[PDB]
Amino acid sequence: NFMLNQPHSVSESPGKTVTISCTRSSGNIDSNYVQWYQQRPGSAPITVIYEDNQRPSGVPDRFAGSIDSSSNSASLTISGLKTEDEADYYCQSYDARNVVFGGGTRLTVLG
């Protein structure tokens, strides 16, 4: 079963852009769909990206999902950072039917 590896922490100021990466340990990142979840303390993991790059209704266009087959990774890019964006972000994919989660990246919005 492959692993998904992401950095534990990222930081940036409001209005800026951050990128959070998620590297797949074995096989190809494009073999299975990648989902991104946003989780604040007290909430369930909330889908912000599904199927690599699709946003659910209500999720602002500031959130963008991408896949880089060359680096075997998935990226979540958040532009125009707002304080509400401070949260842990988890990538997630599937090994057959089995759910695989990355370790999460905590985004700190400075100030």
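Position 1 is the first residue in the sequence shown; the rest follow in order.
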By its CA B factor, does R97 count among the lowest, middle or highest third of the modelled residues in the chain? highest
What third of the chain does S73 rank in for C-alpha temperature factor, lowest, middle or highest? lowest
Please say which third, lowest, middle or highest, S66 falls into when its CA temperature factor is compared across its chain. middle
What third of its chain, lowest, middle or highest, does the C-alpha temperature factor of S11 fall into? highest
Of the three thirds of its chain by CA temperature factor, lowest, middle or highest, which one includes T23? middle
